[PDB]
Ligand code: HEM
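Presented below, as structure tokens, is a lone chain in the form solved without this ligand.
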């Protein structure tokens, strides 16, 4: 990092929630390259359940971890909207499989609380870099699949890489009142 032109530091350091490595997208589909680097995150697996349905089962387990159920006595609460992993099939439709990823604050990042839910697991190390896009429309699950495809095509003319069968989505808020909710789909960079 910065070759050998580094000064005395390491003690106190500030890390942005996202690292902008590029900008500019398109009038039809705008995207931005952002790299996130943390420490520990809360992952929840949900089978035999779609995305919206799974989150309903995942949120309770993941919420208890951030709320007051970690067998420690900490007050995490919450932090920004949660993101989940979705594995799109060749048919364009998911196959019941979603993993809810939680962003733990630097405060607990150094030593997060011991999970109480056997379903809630914390993964150490391994950062992910994805691109976020903002559009004016609704999106539940199958609709997201269409959005994730657009981003891929958009980056088609760029060095931007991806996984191939897994991406993340952002929303949280349910599709009720328009002009107030924002849906975004981030692809996992390979």
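Numbering follows the first chain given and starts at 1.
Heads up, the form deposited with this ligand bound isn't pictured, but that's what we're talking about next.
Residues within 4.5 angstroms of this ligand in the bound PDB entry, judged by any non-hydrogen atom, belong to 52-60 and to none of the other stretches in 52-60, 145-153, 159-167, 29-37. Checked against this ligand in the bound PDB entry, the candidates 120, 104, 82, 86 yield a single residue with a heavy atom inside 4.5 Å, and that residue is 82. In the bound PDB entry, this ligand lies farther than 4.5 Å from every heavy atom of residue 18. Taking non-hydrogen atoms only, residue 140 never approaches this ligand to within 4.5 angstroms in the bound PDB entry. At a distance threshold of 4.5 angstroms between non-hydrogen atoms, residue 179 is out of contact with this ligand in the bound PDB entry. Taking non-hydrogen atoms only, residue 174 approaches this ligand to within 4.5 angstroms in the bound PDB entry.
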